[PDB]
Amino acid sequence: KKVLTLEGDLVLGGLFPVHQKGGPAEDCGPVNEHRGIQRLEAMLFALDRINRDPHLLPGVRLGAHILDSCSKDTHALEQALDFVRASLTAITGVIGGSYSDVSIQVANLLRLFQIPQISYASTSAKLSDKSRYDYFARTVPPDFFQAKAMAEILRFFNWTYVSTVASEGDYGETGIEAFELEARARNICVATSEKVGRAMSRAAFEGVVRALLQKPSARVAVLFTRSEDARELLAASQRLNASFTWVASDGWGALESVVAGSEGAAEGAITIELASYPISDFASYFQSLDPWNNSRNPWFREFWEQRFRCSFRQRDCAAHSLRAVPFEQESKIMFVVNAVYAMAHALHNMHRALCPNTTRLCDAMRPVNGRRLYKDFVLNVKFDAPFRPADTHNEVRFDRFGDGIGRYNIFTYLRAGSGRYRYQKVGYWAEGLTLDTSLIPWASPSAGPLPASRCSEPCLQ
Amino acid sequence: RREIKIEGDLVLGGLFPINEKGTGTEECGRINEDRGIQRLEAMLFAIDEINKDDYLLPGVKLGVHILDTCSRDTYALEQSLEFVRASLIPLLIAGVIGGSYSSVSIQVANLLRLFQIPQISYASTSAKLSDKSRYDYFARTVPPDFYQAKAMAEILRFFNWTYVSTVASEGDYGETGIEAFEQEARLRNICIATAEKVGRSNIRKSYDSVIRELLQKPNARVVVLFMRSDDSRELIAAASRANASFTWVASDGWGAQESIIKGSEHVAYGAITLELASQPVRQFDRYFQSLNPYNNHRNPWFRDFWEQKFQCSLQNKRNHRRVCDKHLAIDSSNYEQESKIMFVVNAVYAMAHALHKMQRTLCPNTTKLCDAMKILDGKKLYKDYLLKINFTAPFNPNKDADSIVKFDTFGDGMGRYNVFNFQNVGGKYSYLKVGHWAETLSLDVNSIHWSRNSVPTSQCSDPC
Ligand SMILES: N[C@@H](CCC(=O)O)C(=O)O
Ligand SMILES: N[C@@H](CCC(=O)O)C(=O)O
């Protein structure tokens, strides 16, 4: 389909879920306005800043070959064939992969051709095995720490009898496995385990909701689901008028589309997002965008028609500006920028280590090999973050398996200011659980009894 | 590395698990005598039979591009890049008759679906496959693991075994099979005592924690195994070392092969396994029993195999072992046909007829290669011809409903199985058939030798 390409001495790959997962007939339809467009624009802004940065590759110009996977592993594999058909203008690195299943297939395909790949949102425990995925780095922590954080949250609220539902794939099953192993040490007990298939209809979701409702002792529900699966589960719960205490993962995060149309079923839901900070320049760059001048983004027009419900053939949205509409920045934006910088400084040190003659692209560096680059410049890189706010203490480094520091934030979906239905941060998680129950509406002692879920209530002593 | 690159007008590639996982060079060490060389020679014999006869595919000669998969999905993916190198000595492959493991088959199918190359498997039974949404160019000759789970649940219900434990192997075969088995057991009011997942990952059991946990709960003496042949052997060796005896209800991974049970017959005296319904092929036995390391130059591994089966290393000269040059050949006294040979031979002919009915339609004027068949698109070859193929078994004298080779709407085979019990007769341990399974159960309890010479029971609590 449409391919976003630029010109430069070195071309960096890309893979974003611009569109959402389609139905049985179509391939993939609606455009993702937060996880598919904002991340793409963040990568473009980071590339522009790097090109304009004199201290970072003053002579080498970084290109772009951003593709679209639209939340499909098969579509991602089909699109990634262009990254390897050039070599078999070659692709230096692939800054892409927002889903574990999407990124795993791309990494497997790229390992044969020795093309390094640095992800920005892939959070899977099975991606740390360097024997299977030799050339793969990540900026975000794996699920090994997220499962521990959710287990700690469950233990803190004296929850024992819980139910788990996960999406069928490489992100949900591994999440359930890790959560169960880390809960066996504790007293956390899982009642039932439910799976959501890739091609799941509304009847199956209703059946899953009924299966969860069959056992009434369990009041909470541990979630390893994507955005679409979580939204469908919430819609089914709202249709069945069932209320739970959802404990979700980075898949839900702080998105507003998951709670769109199902605010009743999502009340006091505890979710975990990755530790992140807003980018000051990215917000201005995104708000100062129009569908006419921004002709380098083929999907942007498709986004605009979905932003204000217009049609270019009907001569609409002639006076609509993105600046007036409030802007909500995706949590996993800075990581994307970091990922780009993870291939920027890696291409800056190497140029200063193998070709110390000029600042341009010398003839000796034309066949860039991913082996030495990943093994000596990508896996061990330390630099200051590009757009740090204030004077906090954070560093961008890769571990032995190409990971990041496991810091998380806990959000609750609460209604304040006459039912605004907003997410409120009630603590964080770096090495131990330090949440605050004061901000949580249902955790206040005056509000009422704490929601409890136990197999057997404590009888007479 | 070694490979077979026999040239021809049409080349049918294949992938075989000739070498075992690990045990040398961190990739692959020892050679599978049963599942690595017998299936390879069966495919070679089928290719020779197709070329030598005139009824099937006249004129056109079939070549092979057989490659070795070192029992690893990553190694298989690395090797399969040569099949699509021409479309990316470039050879145009019209079909890949290969894939013995579920993970290997899944990876190969994922790679091949981009290049439109039909693939037929012969031993990969999994429920993740046959999903045409993601695997649109895969068609196996074996039923999925759903029928195996149903059969094993029926077997457990027949003996009133309710409190059973389950051990599975991580990957695309053990996990899906054990999930289907858990669903079936929950359907039939069977509760799993404990669930383990044997694997080689960073955080996995070390082949002793599983046995320790099994011994921790003596009330459940029945263990249901969903494991491959690479892990089942090591698990049974560890069980023999720990001197822990349990009755085994194993899946197709264990099968009816004696390679797994080598030096650990005592620990697995009571073992019930499920195998695909296969009859021996006399022609294959005749072809294989006449093989020698001197007249077989087209099989690079065979010589090495000759050094392993007979325990006679140093075929040319060395002090490692005696040189058994002659006076000792493959005979019926120590050679047993694999229980899936007809599944790989039929895996080849399925494409051959697909290449026979296609050339009879595109250019029927000439019975040879034609310019119209220069490019072989996988869609027309698979959907139009391969999907709806229908032919009798090439080497079965009987002509019945069980001797037909036809696919289904999902590209599968008939779900018929046989139950083998490990019995010690006359001081010799061997597998004996004690029933079958074709949508029903026909176990013969009167002819089953148990581990403790009595029918085992596995209940959570003793009836009161
Ligand atoms: N981390 C989740 C999704 C991340 C995201 O796209 O927000 C995954 O690996 O599928
Ligand atoms: N049939 C097993 C593999 C063992 C074999 O028959 O070769 C599977 O489903 O993967």
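Cβ: placed from backbone, ideal geometry, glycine included. Neighbour counts: every protein chain shown. Nothing in this text is a laboratory measurement; each read-out follows from the coordinates by a stated rule.
Between A:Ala452 and B:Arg186, with labels modelled 7 Å along Cα→Cβ, what's the label distance in nm to one decimal, could you check?
2.8 nm
Quick one: work out Rg over Rh on the C-alpha atoms of the range A:23-154, Rh as Kirkwood radius.
In the range A:23-154, Rg relative to Rh is 1.00.
How many angstrom lie between the C-alpha centres of the range B:284-351 and the range A:47-69?
59 Å
Where a ≥ b ≥ c are the square roots of the eigenvalues of the C-alpha gyration tensor, would you call the range A:166-251 rounded, which needs a/c under 1.5, or, failing that, prolate if a/b is larger than b/c, or oblate?
Cα axes put the range A:166-251 in the oblate bin.
Determine ³J(HN,Hα), in whole Hz, for all residues of the range A:110-116 in sequence, where each value follows from phi through the Karplus function 6.51 cos²θ - 1.76 cosθ + 1.60 and θ = phi - 60°; x replaces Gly and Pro.
So the J values, rounded to whole Hz, are 6, 5, 5, 8, 6, 10, x.
Within the range A:370-411, name every residue whose backbone N is under 18 Å away from a label modeled 7 Å from Cα of A:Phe327 along the Cβ vector.
A:386-390, by backbone N distance to the label point.
Could you state the per residue volume, in Å³, of the convex hull enclosing the Cα atoms of the range B:69-198?
101 Å³
From the backbone phi of the range A:320-326, what are the Karplus-calculated ³J(HN,Hα) couplings (6.51 cos²θ - 1.76 cosθ + 1.60, θ = phi - 60°) in whole Hz, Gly and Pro given as x?
Going residue by residue, I get 8, 10, 5, 5, 5, 5, x Hz, with x marking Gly and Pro.
Answer with one residue from A:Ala191, A:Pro17, B:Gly174: the one whose Cα lies farthest towards the positive end of the charge dipole of the protein assembly as shown, charges on Cβ with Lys, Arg +1 and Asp, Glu -1.
A:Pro17
Using DSSP to define loop residues, name the trypsin sites (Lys or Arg not before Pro) in the range B:330-412 whose beta-carbon has at most 12 other beta-carbon atoms within 10 Å.
Counting only loop positions with at most 12 other Cβ atoms within 10 Å, the trypsin sites (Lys or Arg not before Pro) in the range B:330-412 are B:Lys368, B:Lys374, B:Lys388, B:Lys399.
Taking a spot 7 Å from the Cα of A:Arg315 along the direction of its beta carbon, which residues of the range A:262-306 have an amide N less than 20 Å from it?
A:291-293, A:305
Checking the cross-link filter: which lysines have an alpha carbon closer than 25 Å to that of A:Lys425, excluding same-chain neighbours under 8 positions apart?
A:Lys425 reaches A:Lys148, A:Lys332.
Run a plain Debye calculation on the protein assembly as shown (Cα atoms as equal point scatterers, no solvent) and give log10 I(q)/I(0) at q = 0.06, 0.10 Å⁻¹, rounded to two decimals, same order as the q list.
Rounded to two decimals, the profile gives -0.48, -1.27.
Between A:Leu354 and B:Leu432, what is the label-point separation in nm under the 7 Å Cα-to-beta-carbon projection?
The modelled label-to-label distance comes out at 6.7 nm.
What are the ³J(HN,Hα) couplings of the range A:18-33, residue after residue, when phi is run through the Karplus curve with 6.51, -1.76, 1.60 and θ = phi - 60°? Round to Hz, x for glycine and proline.
5, 9, 8, 5, x, x, x, 7, 6, 6, 6, x, x, 7, 7, 7
Given R₀ = 35 Å, FRET efficiency for B:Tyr335-B:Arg2 by Cβ-Cβ distance, to 0.05?
Here the calculated transfer efficiency is 0.90.
Given the DSSP H assignment, sum -39500 (n - 2.57) over each helix run of at least 4 residues in the protein assembly as shown and divide by its residue total; what's the result at 222 nm in deg cm²/dmol, nearest 500?
When only DSSP H runs of four or more count, the value is -9000 deg cm²/dmol.
Which percent, to the nearest 5, of DSSP beta bridges fully inside chain A are antiparallel?
For chain A, the DSSP antiparallel bridge percentage is about 35.
Based on the Cα coordinates of chain A, what is the per residue volume of their convex hull in Å³?
163 Å³
How many angstrom separate the Cα center of the range A:309-380 from the Cα center of the range B:18-71?
47 Å
Non-local amide H neighbours of B:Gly255 (under 5 Å, H modeled in plane, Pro and chain starts lacking H): which ones?
B:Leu274
Which length gain, in nm to one decimal place, applies between A:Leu112 and A:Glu431 when the Cα-Cα distance is subtracted from 0.36 nm times their residue separation?
Extending this stretch completely gives an extra 111.1 nm.
Of the listed peptides B:228-236, A:317-325, B:285-293, what is their order by residue-averaged count of other C-beta atoms within 10 Å, with the highest listed first?
Taking the mean over residues of other Cβ atoms within 10 Å, the ranking is B:228-236, B:285-293, A:317-325.
Summarise the partner chain shielding of A:381-388 as one whole number: the mean count of Cβ atoms from other chains within 10 Å of each residue's Cβ.
Mean partner-chain Cβ count within 10 Å for A:381-388: 0.
Can you list the equivalent-ellipsoid semi-axes of the range B:300-451, largest first and in whole Å, using the square root of 5 times each Cα gyration tensor eigenvalue?
Listed largest to smallest, the semi-axes of the range B:300-451 are 40, 30, 12 Å.
Test of understanding: what is the full-extension gain from B:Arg157 to B:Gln315, defined as 0.36 nm times their sequence separation minus their Cα-Cα distance?
Between B:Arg157 and B:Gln315, full extension yields an extra 51.7 nm.
Taking the Cα of A:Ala185, stepping 7 Å toward and past its beta carbon, and measuring to each backbone N in the range A:430-445: which are under 15 Å?
Hits in the range A:430-445 for A:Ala185 at 15 Å: A:431-433.
Return the unpartnered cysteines for chain B, using a Cβ-Cβ cut-off of under 4.7 Å.
B:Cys191, B:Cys460, B:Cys464
Which of the three applies to the range A:1-48, rounded, prolate or oblate, going by the alpha-carbon gyration tensor with a ≥ b ≥ c and a/c under 1.5 meaning rounded?
It is oblate, given that a/c is not under 1.5 and a/b is not larger than b/c.
Given H placed on each backbone N at 1.01 Å, which residues far from B:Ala94 in sequence or on other chains put an amide H within less than 5 Å of it?
Here B:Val11, B:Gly13 satisfy the definition.
Mind listing the long-range amide H neighbours of A:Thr192? Cut-off is under 5 Å, sequence gap 5 or more, other chains count too, H placed in the peptide plane at 1.01 Å from N.
Here A:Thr164 satisfy the definition.
Going through the cross-link list B:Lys357/B:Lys380; A:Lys126/B:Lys340; B:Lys61/B:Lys357; B:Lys128/B:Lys205; B:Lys383/B:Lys406, which pairs have a Cα-Cα distance over 22 Å in this structure?
A:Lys126/B:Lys340; B:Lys128/B:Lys205
So what are the radius of gyration and Dmax for the Cα set of chain B, in Å?
That works out to 22.6, 80 Å for Rg and Dmax.
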